[PDB]
Amino acid sequence: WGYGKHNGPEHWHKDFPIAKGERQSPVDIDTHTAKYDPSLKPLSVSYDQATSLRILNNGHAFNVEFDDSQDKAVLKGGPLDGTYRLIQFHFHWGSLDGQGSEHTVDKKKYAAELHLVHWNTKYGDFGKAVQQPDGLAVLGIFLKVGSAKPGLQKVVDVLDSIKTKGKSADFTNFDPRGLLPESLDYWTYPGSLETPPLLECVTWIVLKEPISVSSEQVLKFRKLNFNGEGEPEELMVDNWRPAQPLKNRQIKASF
Ligand SMILES: [Zn+2]
C-alpha cells in the first residue's frame with residue numbers, strides 16, 4: 001500500500017476491507033452542521049514531562065516517537081474518558097501549498113496536518129488499544145503557510161538524516177508544546193486510523209485554530225523519500241487520504 005496511482009487510497013479496500021466501513025477518517029467538517037455541545041469539557045494536555053526518543057522515516061511519513069512507559073505526556077478531558085498517552089506524532093503534506101491536510105473545513109484544504117497519536121491506558125499497550133472503540137485519541141492540527149514556527153525548526157533540521165525509508169535518528173528533548181495553537185477549541189467525532197489497517201478505534205479531536213509555518217519549513221518536508229536508499233527516488237508528497245463519507249455520525253463542537 002502507498003499513495004501512488006497503483007497503490008493509492010482508492011486501492012486500499014482490496015487488502016483492508018474496513019476501508020469502506022462505517023467510521024472511516026478523515027472527513028469534511030461542515031461547520032454549519034456541526035453541533036455545539038455544551039456538555040463538552042475543555043481539553044487537558046499535560047506534556048511538560050514529555051520524553052522524545054527518535055524520529056524515523058517509515059516509508060509513508062516521519063514519526064517522532066515518545067517514551068510511553070509512564071504517564072509523561074498525556075491527554076484527558078474533552079470528550080475523553082480516562083487517560084491517553086502520547087506515543088508518536090507525524091504529518092501529512094501535499095506537493096503544493098493548496099493541498100495536504102486530511103481533514104477539511106467547509107471543504108477548505110490546508111497545507112499539511114499534524115497528528116498526535118495517543119492510546120487509552122486502560123488497555124495496557126498500543127497493540128491492545130487498536131482493538132477497542134475508544135482505544136485511541138488523535139489530536140489533529142492544521143498547518144497553513146505564513147510565518148515560520150520556531151517550535152518546529154528542530155524537526156525540520158533533522159529531516160536530512162532520515163531522507164529514505166527505514167532511516168532513524170536519536171531525537172531527544174523535543175517539546176511538543178511548541179506545536180500547539182493558542183486556542184484549544186475543537187471539533188470531535190468517532191473515526192478511524194487514516195492509514196491501513198484503518199481500524200475504527202479513534203476519537204478524533206481537530207483543533208479549530210491552525211498553526212502557521214513558513215514556505216521553507218514546508219519545503220523541507222517535500223524533500224523526503226518514500227523509497228529506500230539505493231532505489232529510484234519517489235519524493236514523499238501527497239501522503240494524505242481523501243475525505244470519507246460521514247454516514248450518520250455527528251461532529252460536535254466545543255464552541
Ligand atoms: Zn496521520
Side-chain angles (χ1 to χ4, degrees), residues 1-4 7-10 12 16 18-19 21 23-29 45 47 52 54-66 68 73 75 84-95 99-105 109-120 126-127 129-130 135-144 149 152 155-156 159 162 165 168 171 174 176 179-181 186-207 210-211 213 217-218 220-222 224 226 236-244 251:
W1 72 271
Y3 295 89
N7 59 358
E10 66 285 340
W12 305 347
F16 305 97
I18 201 171
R23 48 174 293 187
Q24 297 287 292
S25 314
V27 306
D28 170 57
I29 299 167
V45 191
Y47 296 155
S52 56
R54 61 113 100 152
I55 194 177
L56 69 161
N57 179 337
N58 69 24
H60 40 271
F62 67 88
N63 291 185
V64 166
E65 289 156 14
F66 290 83
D68 66 346
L75 208 231
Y84 289 76
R85 304 177 177 167
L86 168 65
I87 194 166
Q88 53 91 353
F89 78 68
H90 62 266
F91 312 69
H92 297 271
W93 59 92
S95 49
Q99 52 183 52
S101 75
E102 288 201 310
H103 285 89
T104 61
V105 175
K109 300 180 169 40
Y110 288 91
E113 183 171 333
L114 175 50
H115 301 144
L116 303 102
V117 184
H118 312 68
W119 54 273
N120 198 331
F126 179 75
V130 295
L136 294 194
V138 186
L139 229 191
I141 295 160
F142 293 124
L143 275 58
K144 57 183 191 165
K149 182 78 176 167
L152 176 75
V155 171
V156 157
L159 283 166
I162 71 154
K165 176 170 191 52
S168 65
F171 192 71
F174 178 83
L179 317 188
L180 297 172
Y186 66 94
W187 291 290
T188 183
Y189 78 94
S192 75
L193 285 171
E194 62 299 352
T195 64
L198 312 168
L199 306 166
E200 301 182 322
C201 56
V202 185
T203 300
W204 284 94
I205 305 156
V206 188
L207 305 192
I211 57 162
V213 305
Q217 281 182 317
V218 64
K220 273 163 159 169
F221 281 26
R222 288 176 195 146
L224 263 44
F226 280 123
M236 185 183 282
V237 298
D238 292 325
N239 65 335
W240 50 274
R241 178 181 201 201
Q244 306 296 303
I251 294 163

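Each ligand, and each atom within it, is numbered from 1 in the order the structure gives. The first residue in the sequence is number 1, and the count goes up from there.
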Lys165 NZ: over 12 foreign heavy atoms closer than 6.0 Å: yes
Would you indicate whether the side-chain heavy atoms of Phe62 and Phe171 approach each other to under 4.5 Å? no
Residues two or more places apart in sequence or in another chain: which of them pass ring-ring contact (aromatic ring centres under 6.0 Å, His included) with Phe142? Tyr110
Considering residues at least two apart in sequence or located in another chain, which fulfil the side-chain hydrogen bond (donor to acceptor under 3.5 Å, both in side chains) criterion with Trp187? none
Results of side-chain hydrogen bond (donor to acceptor under 3.5 Å, both in side chains) for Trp93 - residues two or more places apart only: none
Counting no waters, what protein N/O/S atoms lie under 2.8 Å from the Zn ion (ligand 1)? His90 NE2, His92 NE2, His115 ND1, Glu194 OE2
Does this structure show an ion pair linking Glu65 with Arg54, if we count only N-O contacts that are shorter than 4.0 Å? yes
